[PDB]
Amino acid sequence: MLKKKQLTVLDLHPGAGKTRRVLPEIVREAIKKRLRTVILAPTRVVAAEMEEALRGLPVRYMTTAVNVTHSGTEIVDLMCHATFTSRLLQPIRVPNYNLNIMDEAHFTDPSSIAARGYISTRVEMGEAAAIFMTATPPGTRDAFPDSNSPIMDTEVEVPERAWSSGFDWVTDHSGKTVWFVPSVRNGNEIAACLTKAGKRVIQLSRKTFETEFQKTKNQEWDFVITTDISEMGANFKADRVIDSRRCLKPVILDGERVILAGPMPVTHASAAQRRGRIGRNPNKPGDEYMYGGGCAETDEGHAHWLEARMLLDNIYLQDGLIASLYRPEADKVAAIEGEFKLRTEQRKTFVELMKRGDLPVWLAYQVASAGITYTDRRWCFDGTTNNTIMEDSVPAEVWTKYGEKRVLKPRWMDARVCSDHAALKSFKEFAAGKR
C-alpha cells in the first residue's frame, strides 16, 4: 500500500490494533523504502500513545506532548492534524511527504477535513500515497461494528438534565461509565447530579482534554462525562457507555451568523465511535452500551465542511490550483473551490485571527475579508443590538483597549465564542485586546 497514486482506507473495527500493531509495521516498511513520511495524530493524547507504540523507531515528534531527543536522522515526522494544516497555511515550507498516514481519519474538526482534502488531492495528482486509519470512514451507515468482545446493546431513555427518579439503572451500577453528552453545559448539569448522589466524576471537553484525561489514569472514578472529543482514540478501562446520541451542530444562517443548532442526532460514525470505547477487552465480555436516540446524517450542512473549504482555498498547492475535499465527504457543503481565496495581507490576518486570536474559522474569515487588521477590535462592539452577547442573563461587558467600558456586541455573531463560560471569558480577553 506504500506505492505512489494510492490512497488506502484501513477500516479494521474499533480496538483491532490499527495504532499499536499496524502503524509500527507501516513505519518500518516506509523507513526501508526511504519514504519521507508524516504521521498525523488527532490530539496530543494520541501522539503520546503513538510514541509508546513506535518507541525505538526513528520518528521526529513535532509536538511538546512527547519529551524526546531527536537525532536529526529521522525521515518520519509525527504531528497533530491541526499542526499539519496550520503549517500549510503559515509561510513555512512543509515537506512534500511521499507517504501521508492519518490516524483517526474520521475526525470532523475543520483542520482535519482540510488535511484530508489536501492529502487526497496530492494522491489524485499522482504525487503521493496515503493511508487513512479509521473504523468509520466518511459514509459509514453501521452504528454497531464488530468488537473484541460481545457488547450488550440497549435502546433506553437517557437523562439530559438532573433527575430525582426514573433512571435507577444509571446509579445502580458498580463499574465505570463513559457518558457522552451533547455539550459542556449539559455535562455540567449531569455531573452535578451524579456528584450529589455520591459519584466520582471527571469531565472532558476540547479545551480541557489533555489535562483532565490524565485524571482517568491517576485516580479512581465512577463516571467520565464527555463531549464528542472522546470519539477520537481516547481509551478508558470502563464497562459501560451511556450515549445520549446527541450533538450540537454549528450552522451558518443567511451567510451572516453561526448558531449552535440542536441538540440533534449524531452520525452513524459518531455512534459507532462512542460505542467503540467498550467491548475492547476480549477477556471481559458483557460491556454495556445504553443509547438514547437514533442516528442521522447531521454532517450535511454542518459549518465545519464550509470552514474546511475556507482553509483549503488559502493553502498553496501549485500555481492557481486549489485542493478539493476528500471525495466521500465533498457533497456535505455547497461551495465552489476558490470562492474564499484571500489576497496576501487579508490571508495573513485570517491565519493570525485563528492561530493567535483563537477564533473559529468562519468568524476569522469574516473579519479578514472585511479588510480589518488583526489588532483592530472595534468590530467586537459595533454590531446590532440583537448581536449582544449575554452573560448571567445580563449583557456581557468589557473594558476596551482604550479604557472604555462597553457592551460586547460583535458585528458578526458566532455562537461558538460564548458556548460555555470558558469560551466567553476567552472572547472577552480578545475584545479587550489582551491577545
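From 1 onward, residues are counted along the sequence shown.
Mean CA temperature factor is higher for 69 to 77 when stretches 185 to 193 and 69 to 77 are set side by side in the entry. When the mean C-alpha temperature factors of 235 to 243 and 209 to 217 are read from the deposited coordinates, 209 to 217 comes out higher. Highest CA B-factor among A47, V367, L35, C380, as stated in the entry: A47. Each of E288, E307, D142, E352 has a CA temperature factor in the record; the biggest one is found at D142. Per-chain ranking of the deposited C-alpha B factor places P137 in the highest third. Sort the modelled residues of the chain by CA B factor and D376 lands in the lowest third.
In the deposited entry, the Cα temperature factor of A334 sits in the top third of values across the chain's modelled residues. Ranked against the other modelled residues of its chain, the C-alpha B-factor of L54 as given in the entry falls in the highest third. Among all modelled residues in its chain, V394 ranks in the highest third by Cα B-factor.
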